[PDB]
Each structure stands twice: as structure tokens, then as C-alpha cells.
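Note: the block below is data23.cif and it holds mmCIF, C-alpha atoms and all ligand atoms.
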```cif
data_coords
loop_
_atom_site.group_PDB
_atom_site.id
_atom_site.type_symbol
_atom_site.label_atom_id
_atom_site.label_comp_id
_atom_site.auth_asym_id
_atom_site.auth_seq_id
_atom_site.Cartn_x
_atom_site.Cartn_y
_atom_site.Cartn_z
ATOM 1 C CA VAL S 3 -14.216 9.310 0.907
ATOM 2 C CA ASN S 4 -14.033 5.530 0.475
ATOM 3 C CA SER S 5 -16.511 2.644 0.543
ATOM 4 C CA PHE S 6 -15.501 1.178 3.918
ATOM 5 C CA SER S 7 -18.652 1.040 6.062
ATOM 6 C CA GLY S 8 -19.452 0.350 9.708
ATOM 7 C CA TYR S 9 -15.980 1.040 11.148
ATOM 8 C CA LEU S 10 -15.238 2.632 14.503
ATOM 9 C CA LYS S 11 -12.591 5.383 14.313
ATOM 10 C CA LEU S 12 -9.708 4.875 16.748
ATOM 11 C CA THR S 13 -7.354 7.649 15.576
ATOM 12 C CA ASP S 14 -6.817 10.059 12.687
ATOM 13 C CA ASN S 15 -5.946 7.110 10.404
ATOM 14 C CA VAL S 16 -6.940 3.788 12.067
ATOM 15 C CA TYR S 17 -10.419 2.269 11.872
ATOM 16 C CA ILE S 18 -11.674 -1.080 13.225
ATOM 17 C CA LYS S 19 -14.628 -3.427 12.666
ATOM 18 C CA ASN S 20 -15.846 -6.890 13.662
ATOM 19 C CA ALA S 21 -15.791 -8.614 10.288
ATOM 20 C CA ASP S 22 -14.487 -11.584 8.338
ATOM 21 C CA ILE S 23 -11.708 -10.049 6.225
ATOM 22 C CA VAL S 24 -12.639 -12.397 3.367
ATOM 23 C CA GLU S 25 -16.207 -11.083 3.231
ATOM 24 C CA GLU S 26 -15.035 -7.490 3.721
ATOM 25 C CA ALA S 27 -12.633 -7.851 0.800
ATOM 26 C CA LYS S 28 -15.259 -9.408 -1.479
ATOM 27 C CA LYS S 29 -17.620 -6.500 -0.732
ATOM 28 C CA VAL S 30 -15.210 -3.556 -0.881
ATOM 29 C CA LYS S 31 -12.682 -4.826 -3.457
ATOM 30 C CA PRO S 32 -10.029 -2.638 -1.811
ATOM 31 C CA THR S 33 -6.883 -1.549 -3.577
ATOM 32 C CA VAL S 34 -4.867 -3.509 -0.991
ATOM 33 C CA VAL S 35 -5.791 -6.409 1.278
ATOM 34 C CA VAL S 36 -3.124 -7.488 3.766
ATOM 35 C CA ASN S 37 -2.378 -11.175 4.270
ATOM 36 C CA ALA S 38 -0.963 -12.571 7.526
ATOM 37 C CA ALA S 39 1.808 -14.361 5.651
ATOM 38 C CA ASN S 40 4.685 -16.578 6.712
ATOM 39 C CA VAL S 41 8.137 -16.440 5.128
ATOM 40 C CA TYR S 42 7.354 -19.363 2.780
ATOM 41 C CA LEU S 43 4.014 -17.914 1.597
ATOM 42 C CA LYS S 44 2.465 -21.231 2.664
ATOM 43 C CA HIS S 45 -1.129 -20.135 3.188
ATOM 44 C CA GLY S 46 -2.315 -22.954 5.406
ATOM 45 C CA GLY S 47 -4.542 -21.466 8.088
ATOM 46 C CA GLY S 48 -5.723 -18.398 9.897
ATOM 47 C CA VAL S 49 -6.213 -15.380 7.672
ATOM 48 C CA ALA S 50 -3.826 -16.718 5.017
ATOM 49 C CA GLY S 51 -5.586 -20.056 4.697
ATOM 50 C CA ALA S 52 -8.978 -18.357 4.454
ATOM 51 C CA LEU S 53 -7.890 -15.708 1.931
ATOM 52 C CA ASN S 54 -6.258 -18.333 -0.254
ATOM 53 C CA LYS S 55 -9.317 -20.608 -0.109
ATOM 54 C CA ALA S 56 -11.428 -17.665 -1.299
ATOM 55 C CA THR S 57 -9.146 -17.381 -4.373
ATOM 56 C CA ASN S 58 -9.664 -21.079 -5.202
ATOM 57 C CA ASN S 59 -5.920 -21.653 -4.477
ATOM 58 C CA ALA S 60 -4.794 -19.105 -7.108
ATOM 59 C CA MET S 61 -3.020 -17.145 -4.360
ATOM 60 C CA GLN S 62 -0.998 -20.252 -3.449
ATOM 61 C CA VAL S 63 -0.091 -20.975 -7.094
ATOM 62 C CA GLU S 64 1.146 -17.403 -7.577
ATOM 63 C CA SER S 65 2.989 -17.525 -4.241
ATOM 64 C CA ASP S 66 4.812 -20.759 -5.085
ATOM 65 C CA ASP S 67 6.153 -19.165 -8.272
ATOM 66 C CA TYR S 68 7.207 -16.081 -6.277
ATOM 67 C CA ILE S 69 9.177 -18.191 -3.776
ATOM 68 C CA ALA S 70 10.755 -20.349 -6.488
ATOM 69 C CA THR S 71 12.100 -17.160 -8.097
ATOM 70 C CA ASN S 72 12.929 -15.002 -5.074
ATOM 71 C CA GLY S 73 13.306 -17.256 -2.043
ATOM 72 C CA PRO S 74 11.642 -16.696 1.319
ATOM 73 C CA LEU S 75 10.631 -13.364 2.762
ATOM 74 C CA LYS S 76 12.154 -11.957 5.948
ATOM 75 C CA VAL S 77 10.237 -11.899 9.221
ATOM 76 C CA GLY S 78 9.033 -8.296 9.319
ATOM 77 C CA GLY S 79 9.086 -8.101 5.515
ATOM 78 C CA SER S 80 6.503 -8.148 2.759
ATOM 79 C CA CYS S 81 5.805 -8.531 -0.924
ATOM 80 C CA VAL S 82 3.054 -7.239 -3.198
ATOM 81 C CA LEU S 83 1.228 -9.861 -5.273
ATOM 82 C CA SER S 84 -2.149 -10.035 -6.984
ATOM 83 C CA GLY S 85 -5.326 -9.603 -4.984
ATOM 84 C CA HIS S 86 -7.077 -12.062 -7.326
ATOM 85 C CA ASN S 87 -10.872 -11.846 -6.875
ATOM 86 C CA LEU S 88 -10.551 -10.109 -3.483
ATOM 87 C CA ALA S 89 -8.649 -6.858 -4.100
ATOM 88 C CA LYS S 90 -6.415 -5.219 -6.671
ATOM 89 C CA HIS S 91 -3.294 -6.228 -4.722
ATOM 90 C CA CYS S 92 -2.444 -8.424 -1.770
ATOM 91 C CA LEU S 93 0.310 -7.172 0.535
ATOM 92 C CA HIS S 94 1.733 -10.335 2.114
ATOM 93 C CA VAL S 95 3.234 -9.216 5.448
ATOM 94 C CA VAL S 96 5.183 -11.511 7.780
ATOM 95 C CA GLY S 97 4.655 -10.682 11.426
ATOM 96 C CA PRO S 98 6.684 -12.600 14.002
ATOM 97 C CA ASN S 99 5.134 -15.948 14.984
ATOM 98 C CA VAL S 100 5.541 -16.175 18.763
ATOM 99 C CA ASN S 101 4.779 -19.904 18.557
ATOM 100 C CA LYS S 102 8.063 -20.130 16.589
ATOM 101 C CA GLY S 103 9.988 -18.062 19.156
ATOM 102 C CA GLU S 104 10.336 -15.049 16.861
ATOM 103 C CA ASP S 105 11.216 -11.589 18.155
ATOM 104 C CA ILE S 106 8.057 -9.624 18.966
ATOM 105 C CA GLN S 107 10.032 -6.416 18.358
ATOM 106 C CA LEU S 108 9.755 -7.323 14.666
ATOM 107 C CA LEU S 109 6.037 -6.509 14.809
ATOM 108 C CA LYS S 110 6.814 -2.808 14.352
ATOM 109 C CA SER S 111 8.917 -3.560 11.266
ATOM 110 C CA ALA S 112 6.037 -5.649 9.906
ATOM 111 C CA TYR S 113 3.545 -2.788 10.304
ATOM 112 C CA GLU S 114 5.965 -0.326 8.645
ATOM 113 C CA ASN S 115 5.209 -2.089 5.347
ATOM 114 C CA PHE S 116 1.683 -0.639 5.522
ATOM 115 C CA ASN S 117 3.095 2.903 5.121
ATOM 116 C CA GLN S 118 3.912 2.153 1.466
ATOM 117 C CA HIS S 119 0.158 2.079 0.685
ATOM 118 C CA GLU S 120 -2.271 4.952 1.111
ATOM 119 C CA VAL S 121 -5.252 2.772 2.141
ATOM 120 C CA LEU S 122 -5.388 -0.878 3.264
ATOM 121 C CA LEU S 123 -7.788 -3.499 4.586
ATOM 122 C CA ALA S 124 -5.887 -5.580 7.119
ATOM 123 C CA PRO S 125 -5.939 -7.999 10.061
ATOM 124 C CA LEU S 126 -4.014 -7.409 13.260
ATOM 125 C CA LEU S 127 -0.486 -8.626 12.603
ATOM 126 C CA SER S 128 0.725 -11.597 14.659
ATOM 127 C CA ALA S 129 -2.786 -12.146 16.075
ATOM 128 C CA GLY S 130 -4.717 -15.404 15.992
ATOM 129 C CA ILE S 131 -2.538 -18.446 15.360
ATOM 130 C CA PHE S 132 0.610 -16.282 15.266
ATOM 131 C CA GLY S 133 0.290 -16.175 19.054
ATOM 132 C CA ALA S 134 0.874 -12.521 19.957
ATOM 133 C CA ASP S 135 -1.254 -10.343 22.234
ATOM 134 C CA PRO S 136 -3.836 -8.637 19.973
ATOM 135 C CA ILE S 137 -4.115 -5.632 22.308
ATOM 136 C CA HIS S 138 -0.384 -5.208 21.748
ATOM 137 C CA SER S 139 -0.764 -5.672 17.992
ATOM 138 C CA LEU S 140 -3.402 -2.932 17.818
ATOM 139 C CA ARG S 141 -1.184 -0.619 19.885
ATOM 140 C CA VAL S 142 1.795 -1.187 17.573
ATOM 141 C CA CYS S 143 -0.447 -0.639 14.549
ATOM 142 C CA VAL S 144 -1.722 2.707 15.827
ATOM 143 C CA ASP S 145 1.791 3.828 16.806
ATOM 144 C CA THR S 146 3.438 2.739 13.516
ATOM 145 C CA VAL S 147 1.004 3.011 10.603
ATOM 146 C CA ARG S 148 0.467 6.546 9.283
ATOM 147 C CA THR S 149 -1.556 5.644 6.188
ATOM 148 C CA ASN S 150 -5.265 4.810 6.344
ATOM 149 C CA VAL S 151 -5.823 1.318 7.732
ATOM 150 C CA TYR S 152 -9.168 -0.478 8.052
ATOM 151 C CA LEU S 153 -8.824 -3.391 10.484
ATOM 152 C CA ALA S 154 -11.110 -6.433 10.252
ATOM 153 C CA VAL S 155 -11.376 -8.512 13.451
ATOM 154 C CA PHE S 156 -13.053 -11.903 13.006
ATOM 155 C CA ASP S 157 -13.976 -12.708 16.624
ATOM 156 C CA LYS S 158 -16.840 -10.553 17.929
ATOM 157 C CA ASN S 159 -15.748 -11.140 21.526
ATOM 158 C CA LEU S 160 -12.175 -10.067 20.759
ATOM 159 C CA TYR S 161 -13.330 -6.931 18.945
ATOM 160 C CA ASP S 162 -15.234 -5.689 22.012
ATOM 161 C CA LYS S 163 -12.153 -6.154 24.209
ATOM 162 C CA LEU S 164 -9.935 -4.195 21.793
ATOM 163 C CA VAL S 165 -12.369 -1.281 21.591
ATOM 164 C CA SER S 166 -13.111 -1.193 25.313
ATOM 165 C CA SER S 167 -9.417 -1.320 26.261
ATOM 166 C CA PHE S 168 -8.154 1.104 23.612
ATOM 167 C CA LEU S 169 -6.209 3.997 25.085
HETATM 168 O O1 LIG J 201 -11.097 -12.754 14.727
HETATM 169 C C1 LIG J 201 -10.680 -13.920 14.891
HETATM 170 O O2 LIG J 201 -11.388 -14.930 15.082
HETATM 171 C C2 LIG J 201 -9.170 -14.139 14.848
HETATM 172 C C3 LIG J 201 -8.572 -14.316 16.253
HETATM 173 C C4 LIG J 201 -7.825 -13.027 16.574
HETATM 174 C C5 LIG J 201 -7.816 -12.199 15.293
HETATM 175 N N1 LIG J 201 -8.462 -13.010 14.258
HETATM 176 S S1 LIG J 201 -7.540 -13.348 12.871
HETATM 177 O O3 LIG J 201 -6.749 -14.529 13.122
HETATM 178 O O4 LIG J 201 -6.835 -12.129 12.529
HETATM 179 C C6 LIG J 201 -8.700 -13.679 11.561
HETATM 180 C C7 LIG J 201 -8.758 -14.969 10.995
HETATM 181 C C8 LIG J 201 -9.653 -15.242 9.943
HETATM 182 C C9 LIG J 201 -10.501 -14.230 9.455
HETATM 183 C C10 LIG J 201 -10.431 -12.947 10.029
HETATM 184 C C11 LIG J 201 -9.536 -12.663 11.066
HETATM 185 N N2 LIG J 201 -9.564 -11.406 11.534
HETATM 186 S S2 LIG J 201 -10.730 -10.638 10.603
HETATM 187 N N3 LIG J 201 -11.194 -11.924 9.631
#
```
Produce C-alpha cells that represent the structure in this file.
Amino acid sequence: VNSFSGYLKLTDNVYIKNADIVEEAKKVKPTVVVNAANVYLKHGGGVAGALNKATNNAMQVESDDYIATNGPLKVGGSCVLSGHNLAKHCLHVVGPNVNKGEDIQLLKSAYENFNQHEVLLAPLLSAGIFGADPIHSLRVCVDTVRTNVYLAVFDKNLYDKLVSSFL
């Protein structure tokens, strides 16, 4: 039993809700919140920009030190950093950004990072300003993640389409 509330159950391990991931995180304080990161951990917009704003830019400060030490992530890769005031940890995951021409096949690799964590609060990878088809992102999530994932979808309209079209 966990404190995630109001989620629809899609499969044995995947749950979904219309919610602002920032407000979900502040309420639940999950062990892991997933960020929709880019390889430079530049948290400018979309989920990343919102999550960082909620940390008063502390996420960006920590991220800049990470990059200065380690260099950029790989597309499809991840790193674990602090969750600041939102969660114990933040798993920064880089899905392919279609608007940069990146290989959508890398979306499966991106979701594989979730399997290193027993429970996560997450957005759909490569959705929103990353330009991928969210119905496809949900499908890849369900077919790749085996650990317990709680998906927050910001747009109420989009949520209804994902539920109604879920096979
Ligand atoms: O729901 C949305 O408006 C957009 C468009 C498609 C998916 N999302 S999102 O970019 O992942 C996103 C951005 C900021 C906050 C949250 C989400 N999801 S949940 N909270």
C-alpha cells in the first residue's frame, strides 16, 4: 500500500491520473519523481522547467554541478539526483526529442531506467514539448516498465484520450 490516490489502474503495475506532477509530488513526497530531462540538464520548460521552478532553482544549481563533473547524459539515459522539496530523489530521464530529430526507438531505452526503482511518479516520456505521440509513449511505458509507475498527465483533455484509447 502507498499514498498515491485517485489513479486509474491500466495494468498490473501502471497507474494514470490527470494531475500536475508538481502538485502530485508536493502532496505525496514520493521516493522518486521522474524529470523529463534533456542531455544538458537544462530545465527550461515543460515538466523540467516546472519541477525546477518548484525547487526555487535548486534543481538547476545541482544539475549544473553534475554536468560540470560528468558531462552530458545520453539520449535514453538517466541520472539520480536530489528530489529537493518534491521527493527523496529525482530520476532525470532523457527521452528522445522528436523536434531535434532523435530516434524514437530510444524511448524504450529511456523507460528501461524506471526498472531500477520499485515505485515512481512520472510523466509520459517524450510527451509535451518533446514532440512524440503520447499514445505511443503510454504504450511503450506499459510494455517496458515492470516496476510500479504512477503517471501524472497535466492536460485533462489528453488524459481522457489516453484512457479511452488504451488497449
Ligand atoms: O499534460 C500536459 O499539459 C502536457 C502535454 C502532454 C503531457 N503533458 S507534460 O508535458 O508531460 C506535463 C507538463 C507539465 C506538468 C505536467 C505534465 N504532465 S503531468 N504534469
* To do: Please evaluate the PyMOL selection byres (((not hetatm)) within 6 of (chain J and resi 201)) against the displayed coordinates and give the resulting residues as a ChimeraX atom specification.
  => /S:21-23,48-49,125-126,129-130,154-157
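For the residues S:96, S:131, S:142, S:88, ranking by smallest atom-to-atom distance to residue 58 (chain S) using all atoms listed in the file places S:88 first.
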* Any idea what's packed within 10 Å of residue 85 (chain S), counting all atoms listed in the file, ignoring anything in its chain fewer than 6 positions away? Could you give it as a ChimeraX atom specification? -> /S:27,31-37,53-54,57,60-61,91-93
* Out of S:81, S:50, S:75, S:16, which residue has the shortest atom-to-atom distance to residue 141 (chain S) when counting all atoms listed in the file? ->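 Of S:81, S:50, S:75, S:16, the one nearest residue 141 (chain S), counting all atoms listed in the file, is S:16.
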Produce the centre coordinates and the three edge lengths, each in Å to one decimal, of the box along x, y and z that contains all listed atoms of region 73-90 of chain S with 3 Å added on each side, as JSON.
```
{"center_x": 1.2, "center_y": -11.2, "center_z": 1.0, "size_x": 30.2, "size_y": 18.0, "size_z": 22.6}
```
* **Coordinates-based distance that separates CA of residue 7 (chain S) from CA of residue 19 (chain S) (Å, one decimal)** =>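 Going from CA of residue 19 (chain S) over to CA of residue 7 (chain S), I get 8.9 Å.
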* Asked: Could you name the residues that touch region 162-167 of chain S at 10 Å or less, counting all atoms listed in the file, but leaving out those on the same chain fewer than 4 positions away, as an NGL selection string?
  -> :S and (10-12 or 18-20 or 136-138 or 140-141 or 155 or 157-158)
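Of the residues under consideration (S:134, S:161, S:78, S:116), S:134 shows the shortest atom-to-atom contact distance to residue 103 (chain S) when counting all atoms listed in the file.
When CA of residue 110 (chain S) is paired with CA of residue 62 (chain S), their separation reads 26.1 Å.
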* Looking at S:143, S:111, S:29, S:44, which one is nearest to residue 68 (chain S), with distances taken over all atoms listed in the file? ->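 Nearest to residue 68 (chain S): S:44.
Across the structure, CA of residue 122 (chain S) and CA of residue 151 (chain S) are spaced 5.0 Å apart.
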* To do: Check which residues satisfy the PyMOL selection byres (((chain S and resi 108) around 8) and not hetatm) in the file shown, then give them as number ranges by chain.
  => S: 77-78, 97-98, 105-107, 109-112
* **S:6, S:84, S:102, S:43 ranked by distance to residue 65 (chain S), top pick (using only C-alpha atoms)** =>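 For residue 65 (chain S), the nearest of the candidates is S:43.
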* **Nearest candidate to residue 87 (chain S) (options S:17, S:153, S:118, S:55; using all atoms listed in the file)** =>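 Looking only at the distances to residue 87 (chain S), the closest residue turns out to be S:55.
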* Distance query region 71-74 of chain S at most 9 Å, all atoms listed in the file, self and fewer than 6 positions along chain excluded, as an NGL selection string -> :S and (40-43)
